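Take a look at this one chain, the form deposited in one PDB entry, written out in C-alpha cells.
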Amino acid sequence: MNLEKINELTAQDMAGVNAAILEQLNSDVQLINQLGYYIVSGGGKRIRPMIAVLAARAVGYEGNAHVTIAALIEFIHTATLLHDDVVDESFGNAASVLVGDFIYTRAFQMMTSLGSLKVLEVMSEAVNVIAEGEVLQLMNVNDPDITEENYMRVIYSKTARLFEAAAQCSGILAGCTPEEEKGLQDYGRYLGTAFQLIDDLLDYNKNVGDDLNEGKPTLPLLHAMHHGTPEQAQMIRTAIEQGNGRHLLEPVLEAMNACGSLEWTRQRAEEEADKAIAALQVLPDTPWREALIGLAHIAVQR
C-alpha cells in the first residue's frame, strides 16, 4: 500500500485533525492563526498524526477522540521544533520560545480534555523524556567521545518516544487489549527509531552536512570515526570538536563509504522497520493495519 492509498484512507480523519488543530490555534494573534493555517496546509507527510488516527482505527475505534490525540501529538512535535530553533552566542528566539510554550501548554490541555489518566500518564512521561533527550543532545554537541548507548538513547528520546506514545495512546483511547496495546506501542517505538536513523543518514545523503557543521555526533559519524583509518578518525573528531566543518563533507563521506557507515545505518533502520511491522502482527489484518505497515516501508525506502 502506497502513500496515495494511505492518504485516501485517512482523508476524512485527517480533516478531523486539521479542524481540531484550527480550533485550538484560533485566537487573535496573526502569529498563531497563521501557524495553524501553516500546519493544515502543509504539503508534508505529517506522519505522526497519521499514525495516531491509523492506530486507533486499526483496533476498531469507532468514535473520534483519536483525532484530538493526533492533533496534540503534532503540537508536541511543532513545539519541540520551535524550541530547537533557540540560539545563543552565534521568527526569533523570543517568538520561538513563547509560541512554543503556547503550543506545548495547549497540547497539555487537549491531553486532559480526553479525561483519561492512563493517556495522561503516558503522554506526561513521553514529553518529559523528549525534553530530557533535547538536553542530552545539547551536552553531546562537540563531544566525539559519546557511546552508541548514549546516541541510541538520544534518538529514542527525541523522536521514537513520541511515535510510541501516539500509537499507544490511540490504542488506550480505543480500550484495546493489553496485547494489542503493546503491538502499537512497540510499532511506534521501532518505526520512530527507523525514522530517525534514516533522517540522520539523509543528512549526508535541507543541505547535507548540517549535523556535521554543528558538531552533532550521529551514528553515521560515530561509526566512521571508530571504523576508519586513524587519518580519518582524527579529522572526524576534530570536525566534531571545533564544528564549522561543512567543508569536510567529502572527506567524511569517503571515510563513510570506506567502512560502509551509511549503508550500515540504513540496514540498521531496516531492522527497526521490520521489528515495527512484526509488532503489528498481533492486530486484525485490515486496510488500517496495511496502512501502518505501508508507513514502515515508506519510512525506509530509497
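Just so we're on the same page, rigid core means the largest C-alpha set that superposes within 1.5 Å between forms. Position 1 is the first residue in the sequence shown; the rest follow in order.
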Deposited residues omitted from coordinates between residue 90 and residue 91, as a class
10 or more
Looking at residue 205 and residue 206, the deposited sequence has unmodelled residues in between totalling 4 to 9
Identify the stretch, either 288-296 or 20-28, whose C-alpha atoms have the larger mean B-factor according to the entry.
20-28
Using only the Cα atoms and their B-factors as the entry lists them, report which of 178-186 and 68-76 averages higher.
178-186
Out of 227, 161, 83, 106, which one has a C-alpha B factor higher than all the others in the entry?
227
Comparing C-alpha B-factors across 232, 196, 128, 170 in this entry, the winner is 232
Third of the chain, ranked by Cα B-factor, where residue 262 sits:
highest
Against its chain's modelled residues, does residue 273's Cα B factor rank lowest, middle or highest third?
middle
Taking the chain's C-alpha temperature factors as the reference, tell me which third residue 35 falls into: lowest, middle or highest.
highest
Position of residue 42 among the chain's modelled residues by C-alpha B-factor, lowest, middle or highest third
highest
Residue 114: CA B-factor among chain residues, third -> lowest
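What comes next is about the form deposited in another entry, which does not appear here.
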After the core is superposed, which of these residues, 277, 40, 65, 249, moves its CA 2 Å or more between the shown form and the other one?
40
Residue 26: CA shift of at least 2 Å between the shown form and the other one after core fit?
yes
Would you say residue 227 moves between the shown form and the other one, meaning its CA shifts by 2 Å or more once the core is fitted?
yes
Pairwise C-alpha change, residue 75 versus residue 44, in that other deposited form against this form - closer or farther, 3 angstroms or more:
closer
Inter-Cα distance between residue 75 and residue 40 in that other deposited form, nearer or further [3 Å or more]:
closer
